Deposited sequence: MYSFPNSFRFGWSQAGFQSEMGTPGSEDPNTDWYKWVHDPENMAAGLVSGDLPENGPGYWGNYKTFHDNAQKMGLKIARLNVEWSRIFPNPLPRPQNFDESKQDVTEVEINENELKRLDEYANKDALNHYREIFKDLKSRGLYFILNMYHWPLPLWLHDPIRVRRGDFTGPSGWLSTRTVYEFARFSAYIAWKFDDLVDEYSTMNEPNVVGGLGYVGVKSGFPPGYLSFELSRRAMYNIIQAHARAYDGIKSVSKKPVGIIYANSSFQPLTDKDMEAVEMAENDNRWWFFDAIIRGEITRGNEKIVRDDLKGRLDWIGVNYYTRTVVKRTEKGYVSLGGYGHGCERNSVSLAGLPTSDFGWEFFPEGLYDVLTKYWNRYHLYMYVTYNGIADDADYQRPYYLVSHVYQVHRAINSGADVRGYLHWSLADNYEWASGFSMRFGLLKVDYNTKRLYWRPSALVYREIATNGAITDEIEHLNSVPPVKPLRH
């Protein structure tokens, strides 16, 4: 049984779910151009699937919300697509001035049709009694701010995305403008979704097929540097027009030791993948170039933490430092077993709900900021594992709360199937199955399980047995 004010819901992204219905196409993002690029397709960097054939949330949002209401959900996290509001070009970053006159000038350039359509979507959302977390950014940038093919080719004379402080400046003004327009509907804000993935896969993990796909340690650091300032300036921008909480959403793994001699490798991995980022935007502690400092304009720019989680990462100590191991966590075979004997998803991700308890309690002990679980889900078209995955991870959230961690909601990824970036439509995370020909939504049995949890605010006695590992013997291994 969960606290009275705890809410169960779902998370969703604009680029992944909006398109699919007539009139919904948004061609003005780096991601849109990226997945249509002939060379990216021939290299197998992208799947060949196109987002304009997606589930059609732009047109069918009422049907989405009907199903969420029947499922007993009480909270939703969505984002607005920057490119839809500002499709056309507009004429250290320690401050970005925000004032009424600047906002009114921005208003003259905004696409009012897209603005009003979002208002209709969000009004319908609130009319179902759903608590609303509005996220400003979930990866695609306006084309006038980032041509990713040019950067992929090694040409840095054009719009270069997060490599340019121009993007930092415009993002802060975008965030302030959206809050200025939508504060009456919003309950809590998030500046961005998983900035570590944008910088990490965009400039280091280039086999993932994320834009701009230019391999460079140095440019990865610059992108993360600029995105950190962009968060702080967006925080100040939102606070200049709103008094509501402002947080951030971040991708996490539970770092686990291979042997009992690897506990120091775990702490190194947590520093390098987690603590360095949040120490910057909470405590102001960052390193600029080759020097460590404390920036006052970064300190204290966070009210809550969005915890995304889906699997662990196993590490061991080396002489040079630490390394992560294949065959566990993120790097398993699809629809198989890990080296630890645990089942893997359609994406090759290892079943490990204990990791969610680890991540929540560690965030709480270090910063004592309240949290939402803003992402937890599994790629599972057949729905073989998702019932166990759902109940097990919800149980671990209950465990974290009992330990004293202030966790206020669980948001599953996702309500319905959607476009999974470079992997296309074949990775299906939905509680609801999408038929992309008819756009009809279907209830997987795990959706019936989730309705039991959400309507009762607890893991009921009837479904407690699903707090367990999916039996491996009947699965492929």
Fill in the blank from the handout: Not represented among the modelled residues are deposited positions 1-2, 94-103
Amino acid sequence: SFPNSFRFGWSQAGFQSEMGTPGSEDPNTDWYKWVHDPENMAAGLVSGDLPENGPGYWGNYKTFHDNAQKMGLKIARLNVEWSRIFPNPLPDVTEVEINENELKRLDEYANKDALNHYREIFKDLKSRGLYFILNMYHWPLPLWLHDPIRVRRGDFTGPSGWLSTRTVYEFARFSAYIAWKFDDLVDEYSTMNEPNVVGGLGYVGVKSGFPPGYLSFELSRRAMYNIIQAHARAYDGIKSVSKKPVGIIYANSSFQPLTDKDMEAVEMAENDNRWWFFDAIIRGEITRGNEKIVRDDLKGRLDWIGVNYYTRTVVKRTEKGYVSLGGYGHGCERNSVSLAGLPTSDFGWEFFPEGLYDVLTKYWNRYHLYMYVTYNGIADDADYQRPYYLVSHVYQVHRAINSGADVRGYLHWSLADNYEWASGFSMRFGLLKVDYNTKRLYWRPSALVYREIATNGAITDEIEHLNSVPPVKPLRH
From here on, numbers count along this sequence of modelled residues.
Exercise for the section: Determine, for stretches 372-380 and 113-121, which one has the higher mean CA B-factor as deposited. Expected result: 113-121
Exercise for the section: Look over 165-173 and 145-153 in the entry and identify the one with the greater average Cα temperature factor. Expected result: 165-173
Completion exercise
One of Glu81, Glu194, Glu350, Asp296 has the largest Cα B-factor in the entry, namely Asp296
Practice task
Using the entry's values, work out which of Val337, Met71, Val206, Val323 has the largest Cα B factor.
Solution key: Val323
Practice task
Ordered by C-alpha B-factor within the chain, which third holds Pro89? Give me lowest, middle or highest, please.
Solution key: highest
Practice task
Just say lowest, middle or highest third for the CA B-factor of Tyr357 relative to the other modelled residues in its chain.
Solution key: highest
Handout entry: Ranked C-alpha temperature factor of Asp346 among modelled chain residues, by third
Key = lowest
Fill in the blank from the handout: Assert third(CA B-factor, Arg77) within chain per record equals lowest
Exercise for the section: Just say lowest, middle or highest third for the CA B-factor of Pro471 relative to the other modelled residues in its chain. Expected result: lowest
